[PDB]
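K.L.:
enclosed are the sequence and the experimentally obtained structure.
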Amino acid sequence: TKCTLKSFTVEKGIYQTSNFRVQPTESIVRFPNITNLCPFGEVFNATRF
Amino acid sequence: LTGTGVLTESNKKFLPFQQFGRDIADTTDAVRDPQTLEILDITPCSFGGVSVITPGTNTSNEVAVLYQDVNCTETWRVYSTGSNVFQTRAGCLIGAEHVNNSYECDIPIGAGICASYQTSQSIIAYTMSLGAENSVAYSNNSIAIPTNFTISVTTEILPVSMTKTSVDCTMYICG
Amino acid sequence: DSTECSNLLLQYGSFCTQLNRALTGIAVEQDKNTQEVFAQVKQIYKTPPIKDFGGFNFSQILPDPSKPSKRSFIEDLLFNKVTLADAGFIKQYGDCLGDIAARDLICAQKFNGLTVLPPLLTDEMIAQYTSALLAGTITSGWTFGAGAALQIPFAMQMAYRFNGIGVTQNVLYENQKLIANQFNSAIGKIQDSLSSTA
Amino acid sequence: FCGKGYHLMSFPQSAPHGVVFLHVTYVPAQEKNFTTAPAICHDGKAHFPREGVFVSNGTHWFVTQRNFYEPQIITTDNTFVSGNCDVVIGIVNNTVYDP
Ligand SMILES: *[C@@H]1O[C@H](CO)[C@@H](O[C@@H]2O[C@H](CO)[C@@H](O)[C@H](O)[C@H]2NC(C)=O)[C@H](O)[C@H]1NC(C)=O
Ligand SMILES: *[C@@H]1O[C@H](CO)[C@@H](O[C@@H]2O[C@H](CO)[C@@H](O)[C@H](O)[C@H]2NC(C)=O)[C@H](O)[C@H]1NC(C)=O
Ligand SMILES: *[C@@H]1O[C@H](CO)[C@@H](O[C@@H]2O[C@H](CO)[C@@H](O)[C@H](O)[C@H]2NC(C)=O)[C@H](O)[C@H]1NC(C)=O
Ligand SMILES: *[C@@H]1O[C@H](CO)[C@@H](O[C@@H]2O[C@H](CO)[C@@H](O)[C@H](O)[C@H]2NC(C)=O)[C@H](O)[C@H]1NC(C)=O
Ligand SMILES: CCCCCCCCCCCCCCCCCC(=O)O
Ligand SMILES: *[C@@H]1O[C@H](CO)[C@@H](O)[C@H](O)[C@H]1NC(C)=O
Ligand SMILES: *[C@@H]1O[C@H](CO)[C@@H](O)[C@H](O)[C@H]1NC(C)=O
Ligand SMILES: *[C@@H]1O[C@H](CO)[C@@H](O)[C@H](O)[C@H]1NC(C)=O
Ligand SMILES: *[C@@H]1O[C@H](CO)[C@@H](O)[C@H](O)[C@H]1NC(C)=O
Ligand SMILES: *[C@@H]1O[C@H](CO)[C@@H](O)[C@H](O)[C@H]1NC(C)=O
Ligand SMILES: *[C@@H]1O[C@H](CO)[C@@H](O)[C@H](O)[C@H]1NC(C)=O
Ligand SMILES: *[C@@H]1O[C@H](CO)[C@@H](O)[C@H](O)[C@H]1NC(C)=O
């Protein structure tokens, strides 16, 4: 609140602060289970374009 | 110079070094034909307000269209012509039939015209009735004195409060 | 008249819907204001053909029949002193066509999407409401605003008013002609102030 | 301001985000045509009514309050005199009972 008012003194009253945040703990990734590698050779390393 | 509009002859006189012409806004209101060296006036083709008169659509699906800036009394600039055409100071009204009677305003079309759903039901357009006619039996030697009274109770509703709100500006804008 | 800009505006979003909501609210509010001010009486009272109002002359605030719109003499001056734009809400595409758009301001406002809607009440109908109010306050006094109109001679109405301002009703009767002359002169002075230049 | 008619009293009632007033008013209902006069000559002197109005039921004259027909006899205690009656307009001759 003091930062919001840009002052070090808050007069008596009630003030509205930021809504309740919860910071995430984990960081997940979900990609399809694919093991094959893209045909880089056939597209970039192929004769007879 | 691309664009879209109507082209007509103009009384404007363009100097040799002038090709296009502009208006109070920045908009090409005139142009010179390179092949014929004649002036032309560009006018936008879209012009005129359109208002739709409809009931709740839970009661009937037919509507009436009011075309402002159209005088049918004079290929009118209308989407679709209809059998029932009524001319009003607001504009041409299509889809509503004029009735010579006067009722209270149900749908405020315009100047003094109000529509309603009535009667095989159909949409009607009528001149609004200000109220019942009356005359006071005035005379220099006549007065009216009540002999009885009525106690009437009337309700007056007045808003006093409005919903209080608060916004977290870093949760709406950013999240 | 651009398809590309319109298809971009569809993406930019719908703020024009709320703009139009606000403007429609304003227009309906104007109609409501007119109704609230003038439509205070539903019974339309006609002035009696006989005009024996104790010497008072209301021929300059009451309607004059010999006009297309039944309007008074001190309302025609007011109308002629306020100059509306074109005094009409029908400007056909033909009239605006032919290099009259850049000249006429209304045509420019109207080729660019801006329109002026007509009010729900015509000037003649507002004048009818006012004439009803004048007839009621003349013939009946303040009774028509409390219910059914009750006729009363105008002199006695003015006597009641004098009693209201703490003056005995005898003063009016003993000085009726003087008061009527003062009132008529004062109502002519309003005409002079309005029919003159100011 | 407080309902239609002569205001007697009002009763507040609460509504969501607003208030409701029940305006009790006094509305006269039944009116009767009468014949009236601003004053009356009794002995060459004009009589005016104090808090009232003169009316005639025909052959007889009375005085009553404006907002309700409560006819009464015309008396000196019910009227006040002011000068002769060569200046008033519409005055009518009649007797003023002296209690
Ligand atoms: C009320 O006033 C108007 C004008 O102030 C009077 O109209 C005049 O009438 C006489 C004829 O009686 C004409 O000669 C005048 O030219 C009129 N003046 C106007 C129209 O401005 C009217 O007569 C008055 N009413 C009464 C009952 O006397
Ligand atoms: C009270 O005022 C009135 C006017 O407001 C006076 O009446 C005027 O009297 C003069 C002469 O004194 C006349 O020339 C005017 O024509 C009168 N005017 C009107 C409208 O009648 C009056 O004299 C004043 N005195 C009394 C006692 O009434
Ligand atoms: C009301 O009474 C007055 C007198 O108080 C009457 O007026 C007088 O009438 C007599 C008879 O005609 C005359 O001789 C007097 O000169 C009058 N005096 C005045 C001051 O006017 C009057 O006529 C009576 N009203 C009626 C209707 O009879
Ligand atoms: C007007 O009122 C008078 C009263 O002042 C009426 O005359 C009275 O009528 C009643 C009813 O019959 C009698 O009892 C009285 O004796 C009458 N008066 C006198 C003085 O005797 C009169 O009838 C009324 N007229 C109308 C048309 O209502
Ligand atoms: C051969 C087909 C692969 C297609 C995969 C989908 C596209 C994903 C982006 C791949 C871009 C690779 C471009 C080369 C990367 C830069 C190499 C370099 O700079 O030496
Ligand atoms: C593919 O790449 C290898 C080395 O990365 C190269 O020796 C070979 O010639 C390439 N294939 C073709 C068809 O050129
Ligand atoms: C060619 O254009 C000129 C104007 O620049 C015009 O005078 C002439 O008639 C045109 N000729 C043809 C064949 O269109
Ligand atoms: C409005 O729609 C509901 C649901 O279909 C229906 O029950 C109701 O009768 C409708 N009202 C009118 C006036 O048609
Ligand atoms: C419509 O045009 C007719 C002539 O065709 C004219 O008499 C009438 O006054 C016009 N009405 C309006 C409202 O412009
Ligand atoms: C209604 O009025 C029009 C003229 O405005 C007239 O032609 C028509 O006959 C009238 N109809 C009725 C039923 O009064
Ligand atoms: C008074 O008399 C007139 C006709 O003289 C009549 O039209 C009117 O209805 C009467 N008023 C009352 C309240 O009876
Ligand atoms: C009332 O007017 C009539 C004419 O309608 C007239 O004969 C009578 O003398 C007038 N009376 C008063 C008091 O003005």
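P.N.:
Right, received. Where do you want to start? Numbers count the residues shown, from 1 in each chain, chains lettered A, B, ... in the order given. Ligands and ions are numbered 1, 2, ... in the order given.
K.L.:
residues from chain D in reach of ligand 9?
P.N.:
Within chain D, no position lies close to ligand 9 (CB under 6 Å from any ligand atom). From N, CA and C alone the C-beta is placed, and that goes for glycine too.
K.L.:
ok, and the closest non-adjacent residue to the most centrally placed residue in chain C?
P.N.:
When CA atoms, centre = their mean is applied to chain C, the residue found nearest the centroid is residue C:126 (4.9 Å). Leaving out its chain neighbours, the residue that sits closest to residue C:126 by CB to CB, 6 or more residues apart in numbering or on different chains is residue C:38, at 5.5 Å.
K.L.:
what residues are up against the residue of chain D found nearest chain C?
P.N.:
Nearest residue of chain D to chain C: residue D:82, at 3.9 Å (CB to the nearest CB). If you count contacts by CB atoms under 8 Å, 6 or more residues apart in numbering or on different chains, residue D:82 has them with C:168, C:170, C:174, D:46, D:48.
K.L.:
so which of those residues wins on neighbours?
P.N.:
In terms of neighbours by other CB atoms under 10 Å in any protein chain shown, the contacts of residue D:82 top out with residue D:46 at 23 neighbours.
K.L.:
so who does that residue touch?
P.N.:
Neighbouring residues of residue D:46 by CB under 8 Å, 6+ apart: C:170, C:173, D:39, D:40, D:81, D:82, D:83, D:84, D:85, D:88, D:91.
K.L.:
re the thing from before, out of the contacts of residue D:82, who's nearest residue C:44?
P.N.:
Relative to residue C:44, the closest of the contacts of residue D:82 is residue D:48; by CB to CB it sits at 35.0 Å.
K.L.:
residues in contact with that closest one?
P.N.:
By CB under 8 Å, 6+ apart, the neighbours of residue D:48 are C:168, C:169, C:170, C:173, D:38, D:39, D:79, D:80, D:81, D:82.
K.L.:
what residues are up against the nearest residue to the second one once chain neighbours are set aside?
P.N.:
Spelled out, that is residue C:169. Spatial nearest neighbour of residue C:169, excluding adjacent residues (CB to CB, 6+ apart): residue C:159 at 3.7 Å. By CB under 8 Å, 6+ apart, the contact set of residue C:159 is C:169, C:172, C:173, D:38.
K.L.:
mind listing which of those residues are in helices?
P.N.:
Among the contacts of residue C:159, the residues falling in helices (DSSP state H) are C:169, C:172, C:173.
K.L.:
follow-up on the earlier one: make a PyMOL selection of whichever of the contacts of residue D:48 turn out to be buried.
P.N.:
Filtering the contacts of residue D:48 down to the buried ones (16 or more other CB atoms under 10 Å in any protein chain shown) takes a single PyMOL command:
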select buried, (chain C and resi 169+170+173) or (chain D and resi 38+39+79+81+82)
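K.L.:
and the residue of chain C closest to ligand 1?
P.N.:
With CB to the nearest ligand atom as the measure, residue C:57 is the residue of chain C nearest to ligand 1, at 3.7 Å.
K.L.:
in contact with that residue, which residues?
P.N.:
Residue C:57 sits next to C:180, C:183, C:184, C:187 when contact means CB under 8 Å, 6+ apart.
K.L.:
so which of those residues wins on neighbours?
P.N.:
Using other CB under 10 Å as the neighbour test, those are led by residue C:180, with 19 neighbours.
K.L.:
ok, which stretches of chain A are helices?
P.N.:
A:2-5, A:40-44.
K.L.:
ligand 3 versus the residue of chain B found nearest chain A, what's the distance?
P.N.:
Residue of chain B nearest chain A, by CB to the nearest CB: residue B:168 (4.6 Å). Counting by CB to the nearest ligand atom, to the nearest Å, the gap from residue B:168 to ligand 3 is 89 Å.
K.L.:
hang on, the earlier thing: for the residue nearest to residue C:169, phi and psi?
P.N.:
As for residue C:159, its main-chain torsions (degrees, to the nearest 10) stand at phi -60, psi -40.
K.L.:
how near is it to residue D:14?
P.N.:
Distance, residue C:159 to residue D:14, by CB to CB, to the nearest Å: 45 Å.
K.L.:
same question, residue B:42
P.N.:
For residue B:42 relative to residue D:14 (CB to CB), the value is 63 Å.
K.L.:
okay, those two: which has more neighbours?
P.N.:
residue B:42 (22 against 8).
K.L.:
let me know the secondary structure of that one.
P.N.:
strand (DSSP: H, G, I helix; E, B strand; the rest coil).
K.L.:
related to what we said a few turns ago, wait, what's in contact with the residue of chain B closest to chain A?
P.N.:
Neighbouring residues of residue B:168 by CB under 8 Å, 6+ apart: A:18, A:19.
K.L.:
what residues are up against residue D:19?
P.N.:
The neighbourhood of residue D:19, defined by CB under 8 Å, 6+ apart, consists of B:157, B:158, B:160, D:12, D:13.
K.L.:
at 10 Å instead, please
P.N.:
By CB atoms under 10 Å, 6 or more residues apart in numbering or on different chains, residue D:19 lies in contact with B:156, B:157, B:158, B:159, B:160, B:161, D:12, D:13.
K.L.:
residues near residue C:63, how many?
P.N.:
By other CB under 10 Å, 22 other residues sit near residue C:63.
K.L.:
on that earlier part again, check which helix or strand covers the residue of chain D closest to chain C.
P.N.:
Assigned by DSSP states H and E, residue D:82 falls within strand D:79-84.
K.L.:
tell me if that strand is near ligand 3.
P.N.:
No. Under the criterion of CB under 6 Å from any ligand atom, strand D:79-84 makes no contact with ligand 3; the nearest approach is 7.4 Å.
K.L.:
elements contacting whichever helix or strand comes after that strand?
P.N.:
The element immediately downstream of strand D:79-84 (helix or strand, assigned by DSSP H and E) is strand D:92-93. In this structure, strand D:92-93 makes packing contacts with strand D:31-37, strand D:40-41, judged by 3 or more CB pairs under 10 Å, 6 or more residues apart in numbering or on different chains; DSSP states H and E.
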